[PDB]
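One structure below.
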Amino acid sequence: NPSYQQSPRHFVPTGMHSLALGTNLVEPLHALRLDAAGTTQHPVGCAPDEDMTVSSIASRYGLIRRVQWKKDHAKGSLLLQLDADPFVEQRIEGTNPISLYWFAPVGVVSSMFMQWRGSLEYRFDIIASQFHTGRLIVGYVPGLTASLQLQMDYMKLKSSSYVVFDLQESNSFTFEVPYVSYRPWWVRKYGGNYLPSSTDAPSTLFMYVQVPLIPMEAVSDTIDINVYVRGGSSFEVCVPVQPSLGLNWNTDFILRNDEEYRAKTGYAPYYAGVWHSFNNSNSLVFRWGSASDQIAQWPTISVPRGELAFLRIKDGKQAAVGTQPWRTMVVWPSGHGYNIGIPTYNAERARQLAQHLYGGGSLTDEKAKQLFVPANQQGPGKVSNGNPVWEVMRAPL
Amino acid sequence: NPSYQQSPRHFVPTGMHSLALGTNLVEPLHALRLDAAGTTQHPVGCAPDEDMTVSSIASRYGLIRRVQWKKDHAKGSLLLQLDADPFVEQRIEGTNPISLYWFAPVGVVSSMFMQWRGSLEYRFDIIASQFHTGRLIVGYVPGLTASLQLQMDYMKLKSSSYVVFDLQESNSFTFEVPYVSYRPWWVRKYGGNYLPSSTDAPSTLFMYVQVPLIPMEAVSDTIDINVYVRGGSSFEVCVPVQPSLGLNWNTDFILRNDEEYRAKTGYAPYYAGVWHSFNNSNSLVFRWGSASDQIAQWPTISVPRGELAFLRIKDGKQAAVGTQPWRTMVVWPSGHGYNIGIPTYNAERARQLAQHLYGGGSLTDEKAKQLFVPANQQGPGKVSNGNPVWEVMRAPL
Amino acid sequence: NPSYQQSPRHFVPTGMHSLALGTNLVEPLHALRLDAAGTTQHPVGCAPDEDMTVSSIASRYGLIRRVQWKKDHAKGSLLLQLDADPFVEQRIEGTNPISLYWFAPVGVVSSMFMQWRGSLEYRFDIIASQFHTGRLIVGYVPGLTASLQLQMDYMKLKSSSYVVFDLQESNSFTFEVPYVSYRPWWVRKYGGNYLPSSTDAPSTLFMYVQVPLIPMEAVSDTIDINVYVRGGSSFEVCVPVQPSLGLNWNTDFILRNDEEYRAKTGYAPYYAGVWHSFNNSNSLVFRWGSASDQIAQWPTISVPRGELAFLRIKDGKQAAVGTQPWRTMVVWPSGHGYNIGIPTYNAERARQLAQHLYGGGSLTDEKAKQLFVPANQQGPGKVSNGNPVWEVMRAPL
Amino acid sequence: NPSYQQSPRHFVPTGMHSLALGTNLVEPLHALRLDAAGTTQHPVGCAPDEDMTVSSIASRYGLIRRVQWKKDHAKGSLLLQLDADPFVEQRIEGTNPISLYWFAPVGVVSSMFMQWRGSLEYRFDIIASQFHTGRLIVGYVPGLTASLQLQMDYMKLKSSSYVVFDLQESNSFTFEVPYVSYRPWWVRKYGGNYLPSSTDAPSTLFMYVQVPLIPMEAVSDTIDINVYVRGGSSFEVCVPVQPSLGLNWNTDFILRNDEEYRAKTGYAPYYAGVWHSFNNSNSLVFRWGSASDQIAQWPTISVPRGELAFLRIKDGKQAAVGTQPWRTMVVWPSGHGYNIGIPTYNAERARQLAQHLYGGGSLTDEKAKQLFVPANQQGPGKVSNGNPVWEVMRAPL
Amino acid sequence: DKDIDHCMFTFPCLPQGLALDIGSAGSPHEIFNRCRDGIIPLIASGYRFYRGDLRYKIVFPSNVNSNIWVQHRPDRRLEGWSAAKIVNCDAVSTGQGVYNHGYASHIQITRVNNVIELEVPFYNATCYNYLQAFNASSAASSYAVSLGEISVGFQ
Amino acid sequence: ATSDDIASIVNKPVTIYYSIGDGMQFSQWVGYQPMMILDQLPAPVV
């Protein structure tokens with residue numbers, strides 16, 4: 001046992017391994033695997049078919065658009081003018097307040113990144129019989145602001161880069177959208193729910209009917225056209241940020257309107273209870289907990305002077321239940337720097353109590369304490385269901 | 001003494017070495033061994049006879065079944081239809097509510113694993129004189145659901161894989177059960193006390209009397225047959241989980257019926273004591289501890305309105321003993337968000353007190369305090385034996 | 001799983017990596033970069049044009065001075081006598097109390113260092129037509145104290161090192177100031193706002209009109225001369241300390257006059273609130289927080305005996321607002337070793353209260369409590385805007 | 001300054017290096033030695049004469065026994081039958097309750113180990129003139145239980161291994177006791193003060209006078225014989241445990257009889273003091289400390305009902321001294337879950353107080369408080385000497 | 001009044017992400033209410049199968065000191081996309097509500113540190129598990145999704 | 001922290017530091033804007 005007299009190392013502790021990192025980096029863990037060096041293995045029949053990869057996804061067409069193209073369309077007539085960005089849209093007729101949208105896979109994968117660059121591709125499928133014949137420009141104007149988004153025609157479009165096409169025999173092709181910007185990359189069109197920092201597309205596609213369709217009488221005047229977005233071979237993204245999109249799996253949302261009233265966060269579920277500082281626990285008061293001084297705290301109601309208010313729950317089912325469900329309540333300051341909620345038998349006792357407290361009367365006053373609900377009423381002491389909304393029963397005083 | 005100015009290392013502390021790991025992994029310890037590098041050593045006469053190993057155990061027959069096989073059995077007659085899983089049963093006539101069961105060693109070792117696969121083996125020992133002669137199928141039907149477990153005969157059995165056998169000279173053999181499932185492994189039949197996630201066996205064995213026994217008159221018509229399960233050579237398990245079995249060493253169990261009443265967990269043993277917040281310690285109250293505010297806490301009794309209740313222990317021996325054992329008690333809220341238990345002289349004082357408190361009367365009230373047991377009665381202050389059950393003496397009020 | 005019985009390492013924890021260090025030292029971090037080994041890279045078109053370096057900056061002239069040089073100047077006449085230090089000045093006519101100043105880049109970079117040494121350079125640009133002719137000394141006196149800063153003439157100057165120059169054809173040159181001091185380096189002229197430890201320059205430059213200008217009648221008698229400071233090739237600094245300079249970006253400053261009164265630091269914003277220890281929260285008192293005993297604390301007013309005082313805010317807008325903004329207040333000791341601030345309806349209630357407390361009357365006294373503002377008045381309980389100044393309304397008692 | 005982005009190490013802290021280890025193990029320390037690598041060095045004249053070693057000690061005879069051997073002894077007569085274990089005894093006539101004992105060094109060193117094995121040795125020194133002649137067996141019976149310890153004679157002894165010896169010329173020899181046990185080692189005879197787990201010796205030595213001594217008339221009939229134990233060459237021990245022995249350096253011991261009464265552990269020294277919760281510090285109460293609520297706590301006296309008791313110290317000198325030494329005291333519950341000790345002027349005030357409290361009267365009662373000793377009496381507030389015993393002055397009530 | 005045996009709560013361990021929890025209207029979890037979903041599930045949307053492991057790194061509240069254990073139970077089958085979520089276990093009935101033997105487990109010491117860093121092995125008798133939201137069908141299919149079922153209990 | 005606990009955190013100091021992280025590169029030179037002398041700054045005044 002020689003003494004190790006030499007000086008000790010001198011680090012700096014930290015509580016956690018890095019999160020954002022995810023590459024050339026061994027990442028220590030407490031494996032629940034039994035073997036010290038074991039690892040998941042893929043049976044040759046279970047082999048990973050797919051090499052997940054940005055390009056691997058980006059190189060996949062998705063239908064994005066369905067132009068109708070009637071015979072009667074003028075040679076000048078536009079068909080569409082979708083933007084030259086991955087984030088092309090396809091709204092669904094979701095009756096939901098949050099309408100859903102189809103996206104080309106490239107747009108979706110793009111949504112996870114702040115920046116992107118490179119060419120795109122639009123396969124066009126002119127679902128048409130060979131006998132149909134027509135011709136149409138699919139031009140590309142760099143640098144259009146929305147004010148200039150209009151004023152367009154196929155002809156101004158011709159001033160910039162464009163491609164004419166002749167529908168006759170082959171009934172489909174693939175335009176390839178150029179990447180042209182002052183910026184080496186390009187900022188995401190949208191972003192996390194945060195409207196500023198949502199720059200629009202660098203440039204815009206167009207497609208006009210350069211020569212009106214000339215169908216035979218024996219075939220239909222209308223012709224369906226379909227548009228397939230796909231990442232170009234040049235296409236690429238870089239910086240990873242919050243995706244600007246959500247799955248349709250749970251299209252549910254909750255507005256934070258302030259109009260409804262309810263207990264402060266972390267103070268629910270609450271139950272009618274007792275508290276020695278309050279009437280010596282001789283009267284009920286909501287508690288978010290059992291240990292002493294776990295009184296539910298409540299937001300301060302803004303009562304204009306000369307009035308009063310008292311809470312009344314919008315749902316008796318969610319009410320904490322003593323001997324009775326407590327659908328009515330009066331919030332008043334604890335005197336300890338927060339607002340306790342005091343259960344009442346009814347909107348009326350709560351009213352009278354408000355007549356008292358907003359009448360400037362104290363909780364200590366008999367008028368209040370008579371309105372206070374006695375500890376015996378606590379009964380089961382059932383908690384409130386979650387943090388139920390309380391209607392604010394304002395009344396003039 | 002050069003200064004070591006270079007930057008310190010930058011780890012992350014954790015409080016414990018991994019548990020689940022147990023292989024290629026040095027596992028640091030505070031050995032109580034004196035030598036720094038010493039290790040248990042096995043004397044050549046103390047050498048480990050047994051290489052403990054899953055297969056090493058699995059390759060051992062256990063008797064699992066004892067069919068009787070009388071002469072008179074019809075050629076169609078079944079003998080048994082135990083499932084094609086390691087978890088074959090053999091109930092013992094345990095009068096205990098928890099009946100014990102014999103298992104083949106393979107079933108037992110299997111019980112520790114979520115999954116298993118491979119063939120099994122059933123040695124059959126037809127304990128019979130050579131003069132006895134007979135014949136019997138021991139077929140194997142893959143994929144029987146229990147509804148289809150019936151409808152069986154030897155003949156439908158013949159549709160699937162099966163083996164006929166002729167008892168004459170050699171009086172024993174060994175069938176080898178096939179492993180046939182859509183699943184590469186197979187989930188455990190049972191599990192820890194948790195009925196869901198207890199998938200049944202893939203398939204089922206059968207054995208019918210293909211040719212009825214034809215004994216000589218000089219030998220018995222009945223013939224004992226024994227069935228020995230054993231893991232097949234192919235047999236194997238994988239994932240380790242809670243064994244679905246328990247040793248017979250302590251076949252004891254405790255139902256958690258709620259009907260009995262007793263102190264909250266962590267609050268026993270409790271003793272009649274004093275507490276300054278309660279009647280200024282002028283009256284006894286149960287304490288799970290000596291330091292202040294170690295009052296025993298009690299579950300809230302559900303008394304329907306218009307009534308009352310008071311505790312009375314089902315065992316005077318387990319009662320905490322002051323000057324007297326405290327077989328009677330009234331639980332009431334502390335007013336500090338929990339229910340104290342108040343010792344009483346008798347079921348009656350407790351009753352009257354309940355008449356008071358459920359009468360809405362306060363603890364502070366003289367009617368209560370007179371019923372409160374004075375601090376002088378604390379005597380020895382003996383703790384309650386463990387957490388004794390309290391009978392709930394309900395009465396109408 | 002061998003046990004690792006060997007002795008554990010024995011370091012010393014520290015909470016932080018060194019700050020002052022910044023050289024041959026790997027500096028561990030939690031990179032938010034995704035890649036474990038990624039690093040910022042400079043595109044060849046984005047290449048760092050500038051190798052930031054002390055000398056790289058120091059080797060840049062800045063205009064520092066603009067002498068006018070009229071014909072009529074006497075041969076003895078001085079033009080300037082700026083000090084032989086990097087910290088040469090050029091005041092701007094900033095009307096601001098904190099006047100701004102131009103500096104040669106060398107002076108600025110010098111300002112970050114305690115010490116400096118080496119030669120300087122003064123390019124002189126005599127903006128003059130060739131027809132103008134003149135001559136002037138630009139001497140250098142080592143070791144002038146300010147008392148000796150005067151007494152100077154060009155002639156005494158000649159006793160030390162100097163350089164005559166003849167304006168005729170070439171109209172510009174560059175003097176090179178010598179570094180001459182007992183000290184190998186030289187302490188900074190100024191320093192962080194801290195007047196002591198601000199040693200003056202080792203030596204001083206001079207420039208006299210050795211031969212008065214003799215312009216032709218066809219050209220102007222006056223001649224602009226410009227002086228450009230720049231670090232000499234020998235020039236260098238060493239020890240890094242607080243720069244003695246500030247950016248003009250925010251030429252704002254706040255005197256810490258004590259005359260104004262306001263809440264103690266860390267106790268703002270404060271709001272009229274309630275506090276159980278104060279009148280049982282029956283009356284308002286400022287709280288810097290909501291949790292109990294987060295009463296705003298207040299500095300002790302020095303009231304001379306026989307008087308009284310009460311606060312009155314200099315801004316009603318910044319006042320914490322209950323039912324009313326609280327522009328008036330009386331600070332009194334908590335009795336808990338600090339001074340609470342008590343909101344009052346008006347300067348008068350505050351006055352009367354001061355008449356009371358400085359009258360030796362207690363807060364407990366009815367005279368006070370009547371003047372106390374009732375908890376109901378707390379209203380919204382709006383916080384004070386920041387830590388607003390309170391006027392001290394002194395009155396004789 | 002490259003960032004060190006790589007993942008941090010991931011240990012488990014522990015507060016202490018191992019204790020039990022003491023071999024091939026560097027053991028880090030904070031040496032108070034000045035030199036980083038310095039070590040104690042032994043001067044050649046200070047060289048370690050002794051290689052401390054189990055065998056090195058074990059190979060040393062100690063006198064263990066002194067048989068007298070008279071002429072008249074019968075040929076069958078026994079001389080001694082000490083056990084075949086290292087732990088041979090030699091009682092001293094210590095008048096002390098804890099009698100001391102001589103031991104052979106081998107027994108002492110053996111005492112530190114749970115287990116031992118191997119041969120022993122008994123040199124015999126028959127201090128006798130050559131003219132004396134005699135003969136005696138020194139046999140060895142394996143496996144004697146104490147019931148069989150008797151029934152012995154030299155002759156039964158002969159059935160087992162034995163050695164005859166002939167005293168004539170050479171007057172001394174050395175028997176060598178065999179190690180013969182079912183057990184490879186052998187458990188210690190005694191142990192730390194813990195009677196169970198104190199297995200007796202495997203076997204027992206004997207020595208009978210095989211031929212009675214035949215002295216010449218000119219020499220004494222008696223002959224002193226001495227017996228020297230020593231570890232045999234084969235001898236060895238293994239597992240280190242608490243030695244079953246103590247040095248004679250401090251043959252002092254303290255029985256933990258419960259009959260005497262005194263303050264709870266960690267609550268001494270105590271002093272008469274004051275305590276705000278007790279009579280508002282208006283009366284003295286013992287405190288083991290100065291900070292508030294450092295009241296000395298006291299064990300609960302078991303007073304049978306209808307009686308009373310009060311403490312009275314058995315030593316006035318050890319009493320805590322206020323204005324007077326406090327030789328008398330009444331312990332009563334704090335009401336805070338522990339028993340305070342209340343100083344009294346005399347056994348009588350204490351008595352009357354007991355008449356009160358055991359009379360069920362409260363501390364709050366005037367009868368008690370009059371008996372309470374006023375805070376002014378605290379005087380010096382001298383602490384009790386250690387934790388002095390208090391006599392329990394019981395009296396009937 | 002939970003016994004030390006009791007798991008404080010449980011959840012299925014699946015790549016797809018738990019069924020999204022906006023939280024109650026009374027108590028929205030704004031991050032899901034607002035920052036819908038998240039990346040990994042979003043990519044999970046693109047595939048019908050997965051095979052492999054998962055890391056977790058749970059973060060406990062700091063204020064508590066108590067030691068914390070964590071079971072893994074592969075045995076549990078997930079059942080329906082409903083209850084693909086955190087669950088607060090209550091009164092013991094089955095062995096589900098308590099700490100269990102054979103299951104692999106690990107125990108962080110909050111006093112040392114309040115953040116465990118788990119690794120969950122792939123254990124299924126399947127080629128590979130479903131990846132989209134799982135409506136269930138085959139009783140066997142129920143096993144074929146979550147890697148198992150993690151559970152946590154304070155001592 | 002939940003709102004019940006968050007109160008402890010109120011008015012607590014939070015310093016922040018920074019340094020350029022090695023990879024940083026300044027580019028085009030620009031002369032300095034006018035400076036304000038620090039020791040020239042006014043005293044708090046009694």
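Lettering and numbering for the structure tokens are positional, with chains as A, B, ... in the shown order, residues counted from 1 in each chain, and ligands counted from 1 in the shown order.
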
From a DSSP calculation on the backbone, collect every residue of stretch 81-263 of chain B in strand (DSSP E) and output the set as an MDAnalysis selection string. chainID B and resid 90:91 101:102 116:117 120:126 134:137 140:142 164:167 172:177 203:205 207:211 224:231 236:237

Write out as a PyMOL selection string every residue belonging to chain D that has an atom at most 7 Å from any atom of chain C, counting only C-alpha atoms. chain D and resi 1-6+17+25-28

Near residue D:371, within 9 Å and counting only C-alpha atoms, which residues show up once chain neighbours fewer than 5 positions away are dropped, as a list in words?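 In the requested form, the answer reads residues 344, 345, 349, 350, 352, 353 and 366 of chain D.
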
Select all residues from chain B having any atom no more than 6 Å from an atom of chain E (counting only C-alpha atoms, ignoring ligands), output as an MDAnalysis selection string. chainID B and resid 15 19:20 184:185 193:194 197 241:242

Could you please take those selected residues and save N, CA and C atoms as an mmCIF file, in the first residue's frame?
```cif
data_model
loop_
_atom_site.group_PDB
_atom_site.id
_atom_site.type_symbol
_atom_site.label_atom_id
_atom_site.label_comp_id
_atom_site.auth_asym_id
_atom_site.auth_seq_id
_atom_site.Cartn_x
_atom_site.Cartn_y
_atom_site.Cartn_z
ATOM 1 N N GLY B 15 -24.834 8.324 -9.851
ATOM 2 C CA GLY B 15 -24.730 7.780 -8.521
ATOM 3 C C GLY B 15 -24.521 6.290 -8.425
ATOM 4 N N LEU B 19 -27.047 -1.985 -13.266
ATOM 5 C CA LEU B 19 -27.503 -3.201 -12.632
ATOM 6 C C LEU B 19 -27.714 -4.294 -13.652
ATOM 7 N N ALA B 20 -28.455 -3.969 -14.700
ATOM 8 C CA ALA B 20 -28.872 -4.970 -15.662
ATOM 9 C C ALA B 20 -27.700 -5.606 -16.382
ATOM 10 N N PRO B 184 -40.764 -16.269 -34.726
ATOM 11 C CA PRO B 184 -39.432 -16.840 -34.554
ATOM 12 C C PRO B 184 -39.189 -17.284 -33.130
ATOM 13 N N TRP B 185 -39.738 -16.553 -32.177
ATOM 14 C CA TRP B 185 -39.665 -16.970 -30.794
ATOM 15 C C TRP B 185 -41.052 -17.283 -30.335
ATOM 16 N N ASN B 193 -47.502 -11.480 -11.862
ATOM 17 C CA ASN B 193 -48.925 -11.371 -11.600
ATOM 18 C C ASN B 193 -49.485 -10.256 -12.430
ATOM 19 N N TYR B 194 -49.918 -10.612 -13.631
ATOM 20 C CA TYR B 194 -50.357 -9.646 -14.611
ATOM 21 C C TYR B 194 -50.950 -10.402 -15.779
ATOM 22 N N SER B 197 -50.991 -9.931 -21.389
ATOM 23 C CA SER B 197 -49.635 -10.275 -21.774
ATOM 24 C C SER B 197 -49.301 -11.642 -21.218
ATOM 25 N N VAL B 241 -37.003 -11.876 -17.939
ATOM 26 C CA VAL B 241 -37.976 -11.013 -17.294
ATOM 27 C C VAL B 241 -38.369 -11.607 -15.965
ATOM 28 N N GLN B 242 -39.362 -11.031 -15.303
ATOM 29 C CA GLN B 242 -39.763 -11.585 -14.025
ATOM 30 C C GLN B 242 -40.286 -12.985 -14.176
#
```

Near chain A, which residues of chain F fall within 12 Å when you count only C-alpha atoms, and what do they look like as a PyMOL selection string? chain F and resi 1-7

Return the neighbours of chain F among the residues of chain E, cut-off 12 Å, counting only C-alpha atoms, as a list in words. residues 60, 61, 62 and 63 of chain E

Near residue C:170, within 8 Å and counting only C-alpha atoms, which residues show up once chain neighbours fewer than 3 positions away are dropped, as number ranges by chain? C: 130, 167, 173

Using only C-alpha atoms, which residues sit within 8 Å of stretch 223-233 of chain C once same-chain residues fewer than 6 positions away are excluded, as a PyMOL selection string? chain C and resi 55+58-71+86+104-106+118-128+176

Hey, can you spit out that residue selection with N, CA, C and O atoms as a CSV table (one decimal), in the first residue's frame?
```
chain,number,residue,atom,x,y,z
C,55,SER,N,-0.1,44.7,-33.9
C,55,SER,CA,0.7,45.5,-34.8
C,55,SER,C,-0.1,45.8,-36.0
C,55,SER,O,0.1,46.9,-36.6
C,58,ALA,N,-1.9,48.8,-35.1
C,58,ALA,CA,-1.1,49.8,-34.6
C,58,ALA,C,-0.4,50.5,-35.8
C,58,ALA,O,-0.1,51.7,-35.8
C,59,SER,N,-0.2,49.7,-36.9
C,59,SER,CA,0.4,50.3,-38.1
C,59,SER,C,-0.6,50.9,-39.0
C,59,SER,O,-0.7,50.7,-40.1
C,60,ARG,N,-1.4,51.8,-38.4
C,60,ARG,CA,-2.4,52.6,-39.2
C,60,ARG,C,-2.5,54.0,-38.7
C,60,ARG,O,-2.8,54.2,-37.6
C,61,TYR,N,-2.1,54.9,-39.6
C,61,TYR,CA,-2.3,56.3,-39.2
C,61,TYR,C,-3.7,56.7,-39.0
C,61,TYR,O,-4.6,56.2,-39.7
C,62,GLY,N,-4.0,57.5,-38.0
C,62,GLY,CA,-5.3,58.2,-37.9
C,62,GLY,C,-4.9,59.7,-37.8
C,62,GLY,O,-3.9,60.0,-37.3
C,63,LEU,N,-5.8,60.5,-38.4
C,63,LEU,CA,-5.6,61.9,-38.3
C,63,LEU,C,-5.8,62.2,-36.8
C,63,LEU,O,-6.7,61.7,-36.2
C,64,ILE,N,-4.9,63.0,-36.2
C,64,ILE,CA,-5.1,63.3,-34.8
C,64,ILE,C,-5.1,64.8,-34.7
C,64,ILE,O,-5.6,65.3,-33.7
C,65,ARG,N,-4.5,65.6,-35.6
C,65,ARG,CA,-4.4,67.0,-35.3
C,65,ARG,C,-4.4,67.9,-36.5
C,65,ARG,O,-4.0,67.4,-37.6
C,66,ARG,N,-4.9,69.1,-36.4
C,66,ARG,CA,-5.0,70.0,-37.5
C,66,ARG,C,-4.5,71.3,-37.2
C,66,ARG,O,-5.2,72.3,-36.9
C,67,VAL,N,-3.2,71.5,-37.1
C,67,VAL,CA,-2.6,72.8,-36.9
C,67,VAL,C,-2.9,73.8,-38.0
C,67,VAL,O,-2.7,73.4,-39.2
C,68,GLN,N,-3.2,75.0,-37.7
C,68,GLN,CA,-3.2,76.1,-38.7
C,68,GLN,C,-1.8,76.7,-38.6
C,68,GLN,O,-1.3,76.9,-37.5
C,69,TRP,N,-1.3,77.0,-39.8
C,69,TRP,CA,0.1,77.6,-39.7
C,69,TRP,C,0.2,78.8,-40.6
C,69,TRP,O,0.5,78.7,-41.8
C,70,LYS,N,-0.1,80.0,-40.0
C,70,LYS,CA,-0.1,81.3,-40.7
C,70,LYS,C,1.3,81.8,-41.0
C,70,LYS,O,2.2,81.4,-40.3
C,71,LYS,N,1.4,82.6,-42.0
C,71,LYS,CA,2.6,83.3,-42.3
C,71,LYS,C,3.2,84.0,-41.2
C,71,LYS,O,4.5,84.0,-41.0
C,86,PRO,N,0.8,57.1,-26.7
C,86,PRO,CA,-0.2,56.6,-27.7
C,86,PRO,C,-1.5,57.3,-27.4
C,86,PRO,O,-2.3,57.6,-28.4
C,104,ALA,N,-6.3,58.1,-32.4
C,104,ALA,CA,-5.6,57.3,-33.3
C,104,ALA,C,-5.9,55.9,-33.0
C,104,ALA,O,-6.0,55.6,-31.8
C,105,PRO,N,-5.9,55.0,-33.9
C,105,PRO,CA,-6.2,53.6,-33.7
C,105,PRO,C,-5.2,53.0,-32.7
C,105,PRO,O,-5.6,52.2,-31.8
C,106,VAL,N,-4.0,53.5,-32.8
C,106,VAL,CA,-3.0,53.0,-31.9
C,106,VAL,C,-3.3,53.4,-30.4
C,106,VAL,O,-3.0,52.6,-29.5
C,118,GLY,N,8.1,51.3,-26.9
C,118,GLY,CA,8.5,51.4,-28.3
C,118,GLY,C,8.2,52.7,-29.0
C,118,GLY,O,7.5,53.6,-28.4
C,119,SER,N,8.7,52.9,-30.2
C,119,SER,CA,8.6,54.2,-30.8
C,119,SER,C,7.2,54.5,-31.4
C,119,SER,O,6.5,53.6,-31.7
C,120,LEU,N,6.9,55.7,-31.6
C,120,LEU,CA,5.7,56.1,-32.3
C,120,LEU,C,6.1,56.8,-33.6
C,120,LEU,O,7.3,57.1,-33.8
C,121,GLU,N,5.1,57.2,-34.4
C,121,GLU,CA,5.3,57.9,-35.6
C,121,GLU,C,4.3,59.0,-35.8
C,121,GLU,O,3.1,58.8,-35.6
C,122,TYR,N,4.8,60.1,-36.3
C,122,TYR,CA,3.9,61.2,-36.6
C,122,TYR,C,4.1,61.6,-38.0
C,122,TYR,O,5.1,62.4,-38.3
C,123,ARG,N,3.3,61.2,-38.9
C,123,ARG,CA,3.4,61.7,-40.3
C,123,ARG,C,2.9,63.1,-40.2
C,123,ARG,O,1.9,63.4,-39.5
C,124,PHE,N,3.6,64.0,-40.9
C,124,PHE,CA,3.1,65.4,-41.0
C,124,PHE,C,2.8,65.7,-42.4
C,124,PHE,O,3.6,65.5,-43.3
C,125,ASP,N,1.6,66.2,-42.6
C,125,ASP,CA,1.2,66.6,-43.9
C,125,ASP,C,1.0,68.1,-44.0
C,125,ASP,O,0.0,68.6,-43.5
C,126,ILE,N,1.9,68.8,-44.6
C,126,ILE,CA,1.8,70.2,-44.7
C,126,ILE,C,1.1,70.5,-46.0
C,126,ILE,O,1.7,70.7,-47.0
C,127,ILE,N,-0.2,70.7,-45.9
C,127,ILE,CA,-1.0,70.9,-47.1
C,127,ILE,C,-0.7,72.2,-47.6
C,127,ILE,O,-1.3,73.2,-47.1
C,128,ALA,N,0.2,72.3,-48.5
C,128,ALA,CA,0.7,73.6,-49.0
C,128,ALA,C,1.2,73.5,-50.4
C,128,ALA,O,1.7,72.5,-50.9
C,176,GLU,N,9.7,60.4,-36.3
C,176,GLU,CA,9.5,59.1,-35.5
C,176,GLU,C,9.9,59.3,-34.1
C,176,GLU,O,11.1,59.4,-33.7
```

Skip residue B:312 itself and residues of its chain fewer than 2 positions away, then list as a PDB file with C-alpha atoms, in the first residue's frame all residues within 6 Å of it, counting only C-alpha atoms.
```pdb
ATOM      1  CA  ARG B 327     -58.505  -0.322  21.320  1.00  0.00           C
ATOM      2  CA  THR B 328     -60.763   2.539  20.356  1.00  0.00           C
ATOM      3  CA  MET B 329     -60.101   5.628  18.285  1.00  0.00           C
ATOM      4  CA  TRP B 390     -58.915  -1.148  12.912  1.00  0.00           C
ATOM      5  CA  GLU B 391     -62.529  -2.179  12.729  1.00  0.00           C
TER       6      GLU B 391
END
```

Could you please write out, as number ranges by chain, every residue of stretch 156-213 of chain D that DSSP assigns to helix (DSSP H, G or I)? D: 156-159

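Interatomic distance, atom CA of residue A:169 against atom CA of residue A:82: 26.6 Å.
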
Who sits within 12 Å of stretch 42-45 of chain F, only C-alpha atoms, same chain under 3 positions skipped, as JSON, numbers by chain: {"C": [97, 98, 99, 193, 194, 195, 252, 253, 254, 255, 256, 257, 258, 259], "F": [37, 38, 39]}
